[PDB]
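K.L.:
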Amino acid sequence: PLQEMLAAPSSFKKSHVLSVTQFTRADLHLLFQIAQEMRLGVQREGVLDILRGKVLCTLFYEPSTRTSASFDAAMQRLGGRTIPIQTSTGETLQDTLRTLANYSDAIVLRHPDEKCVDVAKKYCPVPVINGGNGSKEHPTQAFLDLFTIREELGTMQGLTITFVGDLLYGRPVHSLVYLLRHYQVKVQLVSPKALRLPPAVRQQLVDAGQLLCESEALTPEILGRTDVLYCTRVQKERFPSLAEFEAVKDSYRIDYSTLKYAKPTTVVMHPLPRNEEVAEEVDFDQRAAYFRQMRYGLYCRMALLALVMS
Amino acid sequence: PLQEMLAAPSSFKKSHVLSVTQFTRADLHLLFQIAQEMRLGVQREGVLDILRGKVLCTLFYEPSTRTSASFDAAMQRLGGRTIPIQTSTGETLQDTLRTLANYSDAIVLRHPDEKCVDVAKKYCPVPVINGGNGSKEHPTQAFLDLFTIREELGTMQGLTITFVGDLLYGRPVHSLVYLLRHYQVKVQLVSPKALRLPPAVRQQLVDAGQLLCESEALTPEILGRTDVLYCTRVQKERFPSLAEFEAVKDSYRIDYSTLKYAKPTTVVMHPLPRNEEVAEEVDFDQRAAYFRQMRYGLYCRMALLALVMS
Amino acid sequence: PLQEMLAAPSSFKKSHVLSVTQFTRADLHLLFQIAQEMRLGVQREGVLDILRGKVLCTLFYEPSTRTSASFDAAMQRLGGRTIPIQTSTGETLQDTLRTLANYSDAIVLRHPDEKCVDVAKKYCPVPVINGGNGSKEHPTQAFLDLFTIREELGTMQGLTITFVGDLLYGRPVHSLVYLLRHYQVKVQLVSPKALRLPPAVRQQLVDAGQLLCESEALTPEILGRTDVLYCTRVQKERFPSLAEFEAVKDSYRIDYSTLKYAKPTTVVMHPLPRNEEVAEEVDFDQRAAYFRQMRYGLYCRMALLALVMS
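Protein chains in written order, with the entry's author numbering: chain A, 1939 to 2027, 2033 to 2253; chain A', 1939 to 2027, 2033 to 2253; chain A'', 1939 to 2027, 2033 to 2253. A prime marks a further copy of an entry chain.
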């Protein structure tokens, strides 16, 4: 049933996983199927059998424990072997990739240079998974985000999604807008005017018939119609004047006074790490899904690794 | 026989392991039984079968190779999988614990903040083993210490234990006094007056009918009645005047001129690392047990991991 | 057939691997046999069975991803378990070795002090593999180098080997000269006069009837008779005057204008890392063997680990 679904055909098999723009609605539907199966297999036996004999190497030039350990644990729970590497940007990336390709069957790469995906494509002779390229894309983060929504709420039809915070530099938002192109959702965008979406991402939303509201304020009416409250970090450097920055924090902080205006079923998401824009007092609330996000990311990356490495 | 003893009931199963004050004489007797079995299993097959399908994550905010690699090797020799994380104290500990709990079935945590155990108790949804909380407790170090004594000398009745060095800041001593509450031992305490035991730990000893001698000098008579010479590091910062500090080093240094006054059967212990308070010239001496300590700690942590994770 | 060849007798079994001067022509012939078998086993099943139940610990005091990950991947592909340690030169090496010997069945050690091999011999109770001792020796690098030549060109009789660059501080060259003592090869040595071989290594070559040419220039005639072009890094510190250093770079740089004077079958080798002394424009050329080197090193280290740990 799982050996079945992994028998199926996919763009993932033997492929680099560098951008969400490589994958179709069907690609992701199959992936999410396999991720449900992965969750069942693990719930019963802990470490499965899919990838005995396969070696994954993780190559992180900047540390991101959530992502690197997620891939480590996914590979090992597939029954594969992992080689975790920590380094910093003097040997070039293309030399390191070609070095490590001789040891492993695939590499997860996170690197401060967004052109790293291009280097990986030109030089690396094994599949590379893009674990973050200068903060431009992080495709499995987009995957696990979409999956989180599906899993927590059921069908995508009818949903209203509210992105809050820094939507200019918040690329996980942009990647997720792309993945939502296939769905009859409405979207609200709460941000200062200085940090609205890039005009082309906004244009992606109006083109799909999805842009509902744009607002600088996180209001009880916006909150009352939110099925999904996807928050982003808002860093002080994005503002010239500190006063502005704190005004915007206090406005956007998800705490109990903010959740009271929400729905009983509102899913609160966050790619993490967070500063104070989601209060700790909310972590135990059923609607707080940002730790369940990471267990969903476990099952999605098991599926992705199974598909890429057969 | 081992599947038998792991069938048995214990406070360890599914529990946080944060303090020695959580465990009874029976708890530790069972643990030591299982540790003897672990040593046999490993002596014959290297990597056992107990914890296939289980994932342990080690989370060390300060490096301690002896402890982190001991737990890595214990888990893997149980047939489980390990995810070793190195980080430093900006994401909070409770967020990191909840992140990693989605990947592993338990976490070993070492952290500079002694309140970390409380954080782990409030937030973490998988068992946490306390690998050292701001140097206040290190329970498996206490376990392997008691086990070391048992293993090297047989029965605890009749023993004289001599703690030497810095007994104020030497908490492994305090934890071990607690674990020795059950035993008819006598204890000698050699330290400067500035670094005697905390009055309550001393009071724990007189209450048990165990305090034999307190001395600022490491004397041939104290040495002649020592079954166990447990040394601690003496750091220069614990003294205002350098002269005092070196006087105390030279007095307490375990070398050949000091061992000659000891028994042929005196077990010399040290939690490690050491500076010069145990001379290298003594390392090959049969009585030098501070490297055998760590192989005993291997078997004890295999037992503890087997019990906690079933 | 592999269980056969590992049944055979070898100086490797249970031995420290510290110097090329420990091993005979037969030792290396057997090793290369087993490495061919390792390549076949892995090509069909990924992770083999040879060393289930064995634990290897890697202990690198300076990072060298190519070497540490090569040994990690070799052990794991033998079916053993690995414990990778990263540290820096306050606990002594002999204390760390004795600590870790209680957890693993062998240790790969790389350390800035060339005397580390002596420390390892005096104190460590498990086999130690020398992964680099203050840049004096790196024996498995020599092994994989010789194997690379054999594999790419067939029989050693008739070959001309040309070492280029910094032959004084290039010890992999010296180790490889030693390993070539058994073979009817000719050797050319291209280097500035300031960086010729040590007189005793040169004397090793004339004693074997092998020194063909010594030159400060990399000439079309030297290139035309090169079967193996083994390049070394040339670092700016080896020259007082920058002008000299760049003159020597430009002279020695392997690029297309330099390869045109070579043979169609010239194997270009490099221990790596490289600066600019092999141009990127050459990496895709069939003759560029410095990434295949590392896959050969994978199979050689699998063989060496299998032999040392039975």
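Cβ atoms here follow ideal geometry from the backbone N, Cα and C, with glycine treated the same way.
Sorted by chain position, which residues of the same chain lie with C-beta nearer than 7 Å to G1991(A'')'s C-beta, five sequence neighbours on each side aside?
P.N.:
The residue given as residue 1991(A'') occupies position 53 in the third sequence. Correct list: empty, nothing qualifies.
K.L.:
Determine which residues share a DSSP beta bridge with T2105(A') and list them.
P.N.:
For the purposes of this step, residue 2105(A') is taken as residue 162 along the second sequence, with counting starting at 1. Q2131(A') and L2172(A'), per the DSSP bridge assignment.
K.L.:
Along the alpha helix (DSSP H) that carries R2181(A), what are the first and last residues, could you check?
P.N.:
The residue you call residue 2181(A) lines up with position 238 of the first sequence. Careful: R2181(A) lies outside any alpha helix (DSSP H) and carries neither H nor E.
K.L.:
One question on the structure: do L2161(A'') and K2129(A'') come within less than 8 Å of each other, judged by their Cβ atoms?
P.N.:
Translated into the one-based positions of the third sequence, residue 2161(A'') becomes position 218. Translated into the one-based positions of the third sequence, residue 2129(A'') becomes position 186. Against a cut-off of 8 Å, the Cβ pair of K2129(A'') and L2161(A'') comes out as no contact.
K.L.:
Assuming the contact rule is C-beta atoms closer than 8 Å, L1994(A') and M2013(A') should be a hit. Round their C-beta distance to whole Å, please.
P.N.:
Locating residue 1994(A') in the second sequence gives position 56, counting from the first residue. Locating residue 2013(A') in the second sequence gives position 75, counting from the first residue. The Cβ separation is near 4 Å, so the contact holds.
K.L.:
Does DSSP put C1995(A') in a helix, in a strand, or in coil?
P.N.:
Counting from one through the second sequence, the residue named residue 1995(A') turns up at place 57. In the structure shown, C1995(A') sits in a strand (DSSP, three-state: E or B).
K.L.:
Write down the C-beta distance between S1953(A) and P2070(A) rounded to the nearest angstrom, noting that I regard them as a contact closer than 8 Å.
P.N.:
Stepping through the first sequence from its first residue, residue 1953(A) is reached at position 15. Stepping through the first sequence from its first residue, residue 2070(A) is reached at position 127. Going by Cβ atoms, the distance from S1953(A) to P2070(A) rounds to 6 Å, so yes, they are a contact pair.
K.L.:
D2150(A') to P2142(A'), Cα distance in whole Å?
P.N.:
Position 207 of the second sequence holds residue 2150(A'). Position 199 of the second sequence holds residue 2142(A'). Cα to Cα, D2150(A') sits roughly 12 Å from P2142(A').
K.L.:
Measure the beta-carbon distance from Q2100(A') to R2124(A') and round it to whole angstroms, keeping in mind my assumption that it falls under 8 Å.
P.N.:
Position 157 of the second sequence, counted from the start, is the residue given in the question as residue 2100(A'). Position 181 of the second sequence, counted from the start, is the residue given in the question as residue 2124(A'). The Cβ separation is near 14 Å, so there is no contact.
K.L.:
Please state if the CB of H2081(A'') and the CB of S2026(A'') are separated by a distance shorter than 8 Å.
P.N.:
Taking the third sequence and counting its residues from 1, one reaches residue 2026(A'') at position 88. Taking the third sequence and counting its residues from 1, one reaches residue 2081(A'') at position 138. No, the pair does not count as a contact, with Cβ atoms beyond the cut-off.
K.L.:
Check the Cβ-Cβ distances between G2018(A') and every residue of chain A'', and say whether any is below 8 Å.
P.N.:
Residue numbering aside, residue 2018(A') sits at position 80 when the second sequence is read from its first letter. Answer no: the Cβ-Cβ gap between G2018(A') and chain A'' never drops below 8 Å.
K.L.:
Return the CA-CA distance between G2075(A') and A2246(A''), expressed in angstroms with no decimal places.
P.N.:
Within the second sequence, residue 2075(A') is the residue found at index 132, counting from 1. Within the third sequence, residue 2246(A'') is the residue found at index 303, counting from 1. So the alpha carbons of these two residues sit roughly 40 Å apart.
K.L.:
According to DSSP, is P2141(A'') part of a helix, a strand, or is it coil?
P.N.:
Position 198 of the third sequence, counting from 1, holds the residue named residue 2141(A''). Correct three-state label for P2141(A''): coil.
K.L.:
Is it buried or exposed, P2214(A), if we count other Cβ atoms within 10 angstroms and call 16 or more buried?
P.N.:
Looking up residue 2214(A) in the first sequence gives position 271. Buried, by the Cβ-count rule.
K.L.:
Can you list, in chain order, the residues of its chain with a C-beta nearer than 8 Å to that of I2023(A')? Leave out the 5 residues immediately preceding and following it.
P.N.:
Here residue 2023(A') is taken as the residue at index 85 of the second sequence, counted from 1. Cβ within range, chain order: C1995, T1996, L1997, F1998 and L2043.
K.L.:
Would you kindly report the start and end of the unbroken beta strand (DSSP E) that includes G2075(A)?
P.N.:
Counting from 1 along the first sequence, the entry for residue 2075(A) is found at position 132. Looking at the DSSP string, the run of the beta strand (DSSP E) that includes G2075(A) is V2071 to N2076.
K.L.:
Would DSSP call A2231(A'') helix, strand or coil?
P.N.:
Mapped onto the third sequence, residue 2231(A'') falls at position 288. Reduced to three states, the DSSP call for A2231(A'') is strand.
K.L.:
Relative to the alpha-carbon of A2137(A''), which residue among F2009(A''), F2188(A'') and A2222(A'') has its alpha-carbon at the smallest distance?
P.N.:
Taking the first residue of the third sequence as position 1, residue 2137(A'') is located at position 194. With distances taken between Cα atoms, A2137(A'') lies closest to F2188(A'').
K.L.:
I want to verify the contact list: residues of chain A whose CB lies under 9 Å from the CB of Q2014(A''), in sequence order.
P.N.:
Residue mapping note: residue 2014(A'') aligns to position 76 of the third sequence, counting from 1. Correct list: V1993, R2019, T2020 and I2021.
K.L.:
Within 8 Å, do at least three Cβ pairs link the segment 2233–2245 of chain A to the segment 1947–1964 of chain A'?
P.N.:
Output reads no: the segment 2233–2245 of chain A does not touch the segment 1947–1964 of chain A'.
K.L.:
Work out the CA separation of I2104(A) and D2228(A'') for me, nearest whole Å.
P.N.:
Mapped onto the third sequence, residue 2228(A'') falls at position 285. Mapped onto the first sequence, residue 2104(A) falls at position 161. If I take the Cα positions, the gap works out to 52 Å.
K.L.:
In this structure, does DSSP put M2212(A') in helix, strand or coil?
P.N.:
Stepping through the second sequence from its first residue, residue 2212(A') is reached at position 269. Note: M2212(A') maps to strand in three-state DSSP.
K.L.:
Would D2061(A) count as contacting chain A'' if we go by Cβ distances under 8 Å?
P.N.:
Indexing the first sequence from 1 puts residue 2061(A) at position 118. No, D2061(A) lies away from the interface with chain A'' (no Cβ there is under 8 Å from its Cβ).
K.L.:
I'd like to check one pair, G2113(A'') with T2175(A''): are the Cβ atoms closer than 8 Å?
P.N.:
The count along the third sequence starts at 1 and reaches residue 2175(A'') at position 232. The count along the third sequence starts at 1 and reaches residue 2113(A'') at position 170. Yes, these two residues count as a Cβ contact at 8 Å.
K.L.:
Helix, strand or coil for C2156(A'), going by three-state DSSP, please let me know.
P.N.:
Counting from 1 along the second sequence, the entry for residue 2156(A') is found at position 213. Note: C2156(A') maps to strand in three-state DSSP.
K.L.:
So, for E2159(A''): in the same chain, excluding its five sequence neighbours on each side, which residues have a beta-carbon less than 8 Å away from its beta-carbon?
P.N.:
Here residue 2159(A'') is taken as the residue at index 216 of the third sequence, counted from 1. Same-chain partners within the cutoff: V2133, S2134, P2135 and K2136.
K.L.:
In the DSSP assignment, find the alpha helix (DSSP H) that holds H2054(A) and state where it starts and stops.
P.N.:
Taking the first residue of the first sequence as position 1, residue 2054(A) is located at position 111. Counting along the chain, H2054(A) falls outside any alpha helix (DSSP H), though it belongs to the beta strand (DSSP E) covering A2049 to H2054.
K.L.:
Could you give the C-beta distance for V2177(A'') and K2192(A''), rounded to a whole number, given that I count them as a contact under 8 Å?
P.N.:
To locate residue 2177(A''), count along the third sequence from 1; it is residue 234. To locate residue 2192(A''), count along the third sequence from 1; it is residue 249. Contact flag correct, Cβ pair sits at about 6 Å.
K.L.:
Going by alpha carbons, who is nearest to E2164(A') out of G2152(A'), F1961(A'), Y2204(A') and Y2066(A')?
P.N.:
Position 221 of the second sequence, counted from the first residue, corresponds to residue 2164(A'). Per the Cα distances, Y2204(A').
K.L.:
Please list, in chain order, the chain A residues whose beta carbon lies closer than 7 Å to that of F2090(A'').
P.N.:
The residue labelled residue 2090(A'') in the question sits at position 147 within the third sequence. Result: empty, since nearest Cβ-Cβ is about 14 Å, beyond 7 Å.
K.L.:
Going by the CB atoms, is the gap between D2170(A'') and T2208(A'') shorter than 8 Å?
P.N.:
Locating residue 2208(A'') in the third sequence gives position 265, counting from the first residue. Locating residue 2170(A'') in the third sequence gives position 227, counting from the first residue. In this structure, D2170(A'') lies closer than 8 Å to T2208(A'') by Cβ.
K.L.:
May I have the straight-line CA-CA distance separating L2122(A) from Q1960(A), to the nearest angstrom?
P.N.:
Numbered from 1 along the first sequence, position 179 holds the residue referred to as residue 2122(A). Numbered from 1 along the first sequence, position 22 holds the residue referred to as residue 1960(A). If you take the alpha carbons of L2122(A) and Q1960(A), they lie about 11 Å apart.
K.L.:
Measure the alpha-carbon distance for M2252(A) versus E2180(A'') and round it to whole angstroms.
P.N.:
What you label residue 2252(A) is simply residue 309 of the first sequence in a count that begins at 1. What you label residue 2180(A'') is simply residue 237 of the third sequence in a count that begins at 1. For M2252(A) and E2180(A''), the distance between alpha carbons rounds to 45 Å.
K.L.:
May I ask which residues mark the beginning and end of the alpha helix (DSSP H) holding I1972(A)?
P.N.:
Here the question's residue 1972(A) lines up with position 34 in the first sequence. Where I1972(A) is concerned, the enclosing alpha helix (DSSP H) stretches over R1963 to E1983.
K.L.:
Is it buried or exposed, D2048(A'), if we count other Cβ atoms within 10 angstroms and call 16 or more buried?
P.N.:
For this step, residue 2048(A') is matched to residue 105 along the second sequence. Its Cβ being crowded by 16 or more others within 10 Å, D2048(A') is buried.
K.L.:
Using the beta-carbon count (16 or more within 10 Å), is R2093(A'') buried or exposed?
P.N.:
For this step, residue 2093(A'') is matched to residue 150 along the third sequence. Buried is the call here.
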